[PDB]
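Have a look at this fold, sequence not included:
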Ligand SMILES: [Zn+2]
């Protein structure tokens, strides 16, 4: 679960790549509790794991 929404007020949201930049920090709906990942086309936060 890593796409912009809020089922509590709006049910859908979106952002651009030019608001992630070099930082890609996690966000929330600016009047609620629902937490969302700031990402463009991929719909996912990452892992940086090893195998
Ligand atoms: Zn909301």
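Looks like it came in fine. Numbers count the residues shown, from 1 in each chain.

can you pull the contacts of the residue nearest to the spatial centre of the chain?
The residue lying closest to the centre of the chain (Cα atoms, centre = their mean) is residue 37, at 2.1 Å. Going by Cβ atoms under 8 Å, 6 or more residues apart in numbering, residue 37 touches 2, 3, 4, 26, 27, 44, 45. For every residue, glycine as well, the C-beta is placed using N, CA and C.

Give me the subset of these lying in strands.
Those of those mapping onto strands are residue 27, per DSSP state E.

and of the contacts of residue 37, the nearest to residue 12?
Using Cβ to Cβ, residue 4 comes nearest to residue 12 of these, at 8.1 Å.

tell me the secondary structure for residue 48?
Following DSSP: H, G, I helix; E, B strand; the rest coil, the label given to residue 48 is coil.

burial count for it?
A count of nearby residues for residue 48, using other Cβ atoms under 10 Å, gives 4.

from now on call the first residue 7
Sounds good: first residue 7 from here, last item residue 54.

Distance check, it against residue 30.
Residue 54 sits 12 Å away from residue 30, going by Cβ to Cβ, to the nearest Å.

ok, now residue 47?
Look at residue 47 and residue 30: by Cβ to Cβ, they are 13 Å apart.

higher neighbour count, the two?
Remark: of residue 47 and residue 30, residue 30 carries more neighbours, 14 against 5, as counted by other Cβ under 10 Å.

Now for that one: which residues touch it?
44, 45 are the contacts of residue 30 under Cβ under 8 Å, 6+ apart.

That one: helix or strand, and which one exactly?
In this assignment (DSSP states H and E), residue 30 forms part of neither any helix nor any strand.

pretty sure residue 41 is touching residue 34, no?
Yes: counting by Cβ atoms under 8 Å, residue 34 is a contact partner of residue 41 at 5.1 Å.

Common neighbours of the two, please.
Here residue 41 and residue 34 share no contacting residue, scored by Cβ under 8 Å, 6+ apart.

Around the ion, which positions in this structure sit nearby?
The chain comes close to the ion at residues 12, 14, 15, 35, 38, as judged by Cβ under 5 Å from the ion.

Could I have the buried ones of the residues you listed as ChimeraX selection syntax?
Buried members of these, defined by 16 or more other Cβ atoms under 10 Å, are picked up in ChimeraX with:
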select :12,35
